[PDB]
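*Asks:* Here goes the first bit of my complex:
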Amino acid sequence: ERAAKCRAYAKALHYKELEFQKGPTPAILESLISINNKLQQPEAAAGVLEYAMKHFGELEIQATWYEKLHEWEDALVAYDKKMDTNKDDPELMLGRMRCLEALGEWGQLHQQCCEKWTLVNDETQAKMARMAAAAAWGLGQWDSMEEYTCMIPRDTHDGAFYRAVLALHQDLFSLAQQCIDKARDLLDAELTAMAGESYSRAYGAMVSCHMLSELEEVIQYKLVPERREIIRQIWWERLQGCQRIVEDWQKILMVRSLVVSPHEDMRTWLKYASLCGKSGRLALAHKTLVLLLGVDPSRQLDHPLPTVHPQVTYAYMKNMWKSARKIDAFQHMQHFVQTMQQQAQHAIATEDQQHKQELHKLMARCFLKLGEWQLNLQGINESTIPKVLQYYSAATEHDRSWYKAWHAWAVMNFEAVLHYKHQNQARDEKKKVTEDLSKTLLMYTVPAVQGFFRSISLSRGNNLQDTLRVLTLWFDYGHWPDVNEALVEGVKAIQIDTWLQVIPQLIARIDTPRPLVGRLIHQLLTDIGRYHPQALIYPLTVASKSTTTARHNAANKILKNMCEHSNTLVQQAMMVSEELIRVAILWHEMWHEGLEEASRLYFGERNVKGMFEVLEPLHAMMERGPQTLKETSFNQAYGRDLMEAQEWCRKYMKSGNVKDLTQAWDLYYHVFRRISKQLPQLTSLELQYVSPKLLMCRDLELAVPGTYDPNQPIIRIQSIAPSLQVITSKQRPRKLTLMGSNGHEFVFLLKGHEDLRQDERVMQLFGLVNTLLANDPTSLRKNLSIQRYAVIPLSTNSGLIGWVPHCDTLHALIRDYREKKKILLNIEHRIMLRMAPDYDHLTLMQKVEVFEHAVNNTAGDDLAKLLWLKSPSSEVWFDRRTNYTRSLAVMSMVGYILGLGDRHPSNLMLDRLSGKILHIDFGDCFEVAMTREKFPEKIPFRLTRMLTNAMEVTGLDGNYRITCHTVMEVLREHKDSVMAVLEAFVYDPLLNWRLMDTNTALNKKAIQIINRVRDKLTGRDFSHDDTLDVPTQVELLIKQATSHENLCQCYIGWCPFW
């Protein structure tokens, strides 16, 4: 019955929206926030209110807007403004008061109640009572509570509630007992009275019911002396666990206050204060700590802080820093530590070990802040570097374990190395120079290495960054024995597990010319070979077949070492990969691309030296002789011609004719025409013709590609499905399907000619970003995540991509809808050309019209509409939309940092079961797509018109933007991890090729890209000088991603009207 109630609503919202589509009225606007609320979709509705503001300033009084926007702090100062400018206006005061009762400002709420008591208004008299009761409750004054309770009706849940508290203070537990059971029933009946279209009062009933059950434990704490630990435990646990915004916890604690004074709870109230500081209610956080100190809002401001409670002071000190006063904050810390170490070294009379310890651990935290703050106040230079390093090492001493302490120390050391290296590039821009430089860099490198190692061990599960960092030093330091010693110590020390995270990076340096570096890598890889091979074969197999000798040499060595070990795995994985590369581009397909290229060089470029380099590897390719039926069938129908076409080419080499060369091309064009015919015929491949070995494979010990992870029992290639659908495309990729040793099937895309190694590290980045999103509570609240793939490269050409189920490309879903609804697929295109045949060459100004002309005479629906018709219900329609909006936004921000270009309608897709969106093809990364010569992207991410449409009405105001900042905030917080990963494959030696395409050393280019990235993660991506906070930068991005000027410039294929 309850699941069927929201269905009625969802289906009403659908129309309620479709109505708003036809004309936004404050009428609908009202009934939209309401229905979205019953649907307990708060943030979506909060979007509706934004639209309410930015169009109708018309429930008026900016303070009433700041009040519905739950921004009490803004509404209070706006209500003062509106009260002092105007008169008394009985309602202005009520709002002015509500702002206080939410802010917990009992001091002002009680005063404002008594000081203004003409209140000839009798409703004003009624409302007055409820507030000024709780106001007096926070101010001790029980007489004042009773007076104002004697004015709250016993009919209201509120009237019955405050009686329970007055009884419990004056010790009347039979009264208090009954008052609770009546307040329960007066709220039970009230939750059916406003049966949906209510405030966060359905969420705040859970606040009152919580308090009522807690207030029954306060009863238990009066009569039975033997729950004084049971009760405090549940109180304490249902707190670190519980998540209720500041305001509610005030009230919840106030219930507990009737029994335990704050000075016995301490940890409770410090935990509470802690939260008021993170959420940013510092003025409040303070008042909690001043009470706990029992000493001044340090009004005696020049005086030292009281060390009476070392824990409380430390809170105050950081509240001070987070607050305005921060040189002051830094001071009190230096001194506080000094007072603390003396309070240890002397005052520790033996029989007090726990106090000593907690005291050393509090200090390590202080030392970390000291280093941290010092940096923020001064920056990094010759005078800070020693001090913070000392501060951090000091922190290291007093905690020994603690990820953070060891981290901070390593990162400092590592930034000292950087600070000096980057200073010396400054020096060389304009012998004893290098000898002090090498002494300098060596001095900070070794401890850096050391630090990262102890930090990694203390993470375990969460250390990608540190791990990657160790590598930067390891690879970057062309090895001076000192650094090498420290690494080899570390390698021994830290678990093997670790390195799996990093395998692609290691293999990128298999063939390091530096000798001391290679050795360790090989050794490490072979030990990673010993425990979890599988995690190693595929990647090693790729390397073992590499044009570059060094690579495939040293790759083979490791594989050899793995045979004394797991031989038939190395053997199976060896052949499975070989065969898949044969199956990827079949013999004739390679002749088809190689003949097009060779004809461009000859007939179109007069290049016969380039042409000979195109054909000769395809001739030598077959020189080995056919090995599969398909290779022989080809050989018959084409081989004789081709072998003798080369004959004529090799007569021309020696004769230097052109009639010798013209007999060859006579034969060459013959087979091209034959093949071209048979190419649209390739719509399936059967194993038994194409690769027999693979058909034969039964129950292998090799694991189904990209499925291996410890924790999880190994899933093996139990059999390969006999047929591969060939998706007809420009690269006819195959749809390979394997049978798993667990039963379930595994599908893949077997791609021919795209270097999948980039998209691999891209996945790596997404992995991390997922972890970050799982760990941010808000993002976890909303299920925010990226869809990642299994990318298993096979060679520089080929690779395997994990097949995601239930997905169609944006383009597909549309193509279908348009054909179903009888609309010409490319209509916006045809319209544009009808208007301006020369569209591509128009002025920006001119284009914008042609573009607008198209948009205005075509449906913006499709995607919105086709996603409604798809839905089996309406709640399923609704959640598929929630999932959509969010997933799309997540990638909007992530995609931005990555600089992910080329987001045309065939490069993204939609999971038709969840509603979520997914991006494919991560070639065009970093500004690349925008830096290109012809048709440069101006868009930061596709936020196109039918994507906007498909969201809620009031889309970008609602869930989209909210989810935008959230994601972006997580990203900016963890700006270092995110950058660790990115640097890792910008400066990857085998991937720098995607930046010399600015033509159609790299040291300097790679530098830019990463700076570009940091800019994005610090809000400096726009104005060089400003430092834009998230919501601004976000707003800026949406703006840019939306601008008709930007879109009408997009390459037509991108479909800027979709």
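*Replies:* Great, that's in hand. Numbering: from 1, shown residues only, chains lettered A, B, ... in the order given.
*Asks:* Who are the packing partners of the helix or strand encompassing residue A:852?
*Replies:* Assigned by DSSP states H and E, residue A:852 belongs to helix A:844-855. In terms of contacts (3 or more C-beta pairs under 8 Å, 6 or more residues apart in numbering; DSSP states H and E), helix A:844-855 is packed against helix A:827-835, helix A:1044-1047. Using the backbone N, CA and C atoms, a C-beta is placed for each residue, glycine as well.
*Asks:* Which among those helices is found nearest to residue A:332?
*Replies:* For the helices and strands packed on helix A:844-855, proximity to residue A:332 was assessed by C-beta to C-beta; helix A:1044-1047 is nearest, at 50.7 Å.
*Asks:* before we move on, the earlier item: okay if I get the helices and strands packed on helix A:844-855 as JSON lines plus mean neighbour count and distance to residue A:844?
*Replies:* As requested, these are exported to JSON lines (neighbours: other C-beta atoms under 10 Å; distance: least, C-beta to C-beta, whole Å):
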{"stretch": "helix A:827-835", "mean neighbour count": "16", "distance to residue A:844": "15"}
{"stretch": "helix A:1044-1047", "mean neighbour count": "17", "distance to residue A:844": "6"}
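*Asks:* Those helices: which one's closest to residue A:225?
*Replies:* helix A:1044-1047 (71.6 Å).
*Asks:* Check the gap between the residue nearest to residue A:531 when sequence neighbours are not counted and residue A:569 for me.
*Replies:* Using C-beta to C-beta, 6 or more residues apart in numbering and skipping the chain neighbours, the partner closest in space to residue A:531 is residue A:496 (5.3 Å). Here the criterion is C-beta to C-beta, to the nearest Å. By it, residue A:496 lies 17 Å from residue A:569.
*Asks:* Looking only at neighbour counts, state which of those two leads.
*Replies:* Neighbours around residue A:496 and residue A:569, counted as other C-beta atoms under 10 Å, are more numerous at residue A:569. The numbers are 19 against 15.
*Asks:* and chain B on top of that:
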Amino acid sequence: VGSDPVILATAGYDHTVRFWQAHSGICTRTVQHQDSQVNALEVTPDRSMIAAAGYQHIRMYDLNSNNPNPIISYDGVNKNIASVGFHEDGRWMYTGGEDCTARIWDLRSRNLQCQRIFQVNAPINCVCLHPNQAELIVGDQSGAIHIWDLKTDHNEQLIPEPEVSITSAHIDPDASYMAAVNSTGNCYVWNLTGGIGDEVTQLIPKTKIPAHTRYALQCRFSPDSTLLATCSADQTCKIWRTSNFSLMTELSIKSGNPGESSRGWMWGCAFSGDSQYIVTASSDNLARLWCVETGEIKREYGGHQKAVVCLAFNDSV
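*Replies:* One more chain to add, chain B, which I have set with the ones above:
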């Protein structure tokens, strides 16, 4: 066709440049301009030949030879050519391009090259020459207006509101006023400190007119210096009193019901010599002749298949 005392020229996306006899609506001659839309048309002061600024070329058809094809083509510049303008004495021609340069062409000599170049960061939408032939006003997409002294080669720049592309600028014949119009749809008016001859030539801000909500596409002064005309993407040519800077007459083409999705932008205008009439270019494939005072549509020159983006209009003796 240049022998008629009234030259009226129309260009657009339909690969023709059409010539009209003002007083009738009959199209006189029509010329082949292929491989691009026309961005700007301007008849040379000499009335011998007309210039057609387009995509990476300025083709120049003859008004006297009443028949042929381009006499002069100018090439070798990439991206669009936005504005043309001539200097009174026969031989100089100026151009603003998307390639961020204002260029000066010697019409009395050979070379696909140009006598001078003035680089800016950001493309140049419009270029016009102060009546004193001494200074060229250059507006670009960044929202900067450059006064280029053709003697001192001194550049001096002025941004109004902009972080906004200024779309067109113009300067009244009497050299008292200069006007810039931008993509916000604002119109800026400056007074001219007539430095000239041993020059200073300063600009003193007078008004901002909130002319349009949509893009403002061109601005122009009547020969009188009486009126200021502003064409826009809001399908409108607004004519402003220079005494008041208030709206005198509004010419527009906006359907007659909210659900018609536009049809046509007001791309350009040119006043008549006696400032009595105004010509109008629009994306609805028409040029139009309006009475400046009543706002009467005194004629409609129909012919072009595709949109119209340019006019040129000549009244010389």
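*Asks:* so, what packs on helix A:844-855 revisited with chain B in the model?
*Replies:* When contacts are defined as 3 or more C-beta pairs under 8 Å, 6 or more residues apart in numbering or on different chains; DSSP states H and E, helix A:844-855 sits against helix A:827-835, helix A:1044-1047.
*Asks:* any residues touching the first one, and which ones?
*Replies:* What that stands for is helix A:827-835. Contacting residues not belonging to helix A:827-835 are listed as A:818, A:824, A:839, A:850-851, A:853-855, A:857-858, A:1052, A:1055, A:1057-1058, B:13, B:283, B:306-307 [C-beta atoms under 8 Å, 6 or more residues apart in numbering or on different chains].
*Asks:* In ChimeraX, how would I select the buried members of those residues?
*Replies:* In ChimeraX, a selection of the buried entries from these looks like this (16 or more other C-beta atoms under 10 Å in any protein chain shown):
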select /A:818,839,850,851,853,854,855,858,1052,1055,1057,1058 /B:13,283,306,307
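*Asks:* From the contacts of helix A:827-835, which land in strands?
*Replies:* Among the contacts of helix A:827-835, the subset assigned to strands under DSSP state E is empty.
*Asks:* Would you point out which residue of the stretch 201-317 of chain B is nearest chain A?
*Replies:* residue B:261 (4.2 Å; C-beta to the nearest C-beta).
*Asks:* Now do the same for that residue: helix, strand or coil?
*Replies:* Secondary structure assignment for residue B:261 (DSSP: H, G, I helix; E, B strand; the rest coil): coil.
*Asks:* I figured it hits residue A:855, correct?
*Replies:* No: look at residue B:261 against residue A:855 with C-beta atoms under 8 Å: they stay out of range, at 9.3 Å.
*Asks:* the strands in chain A, which residues?
*Replies:* A:684-686, A:717-720, A:723-726, A:734-740, A:743-751, A:791-793, A:799-802, A:807-809, A:908-911, A:917-919.
*Asks:* Could you find the closest non-adjacent residue to residue A:51?
*Replies:* Nearest-residue entry for residue A:51: residue A:954, 4.5 Å, with adjacent residues in sequence omitted and distances by C-beta to C-beta, 6 or more residues apart in numbering or on different chains.
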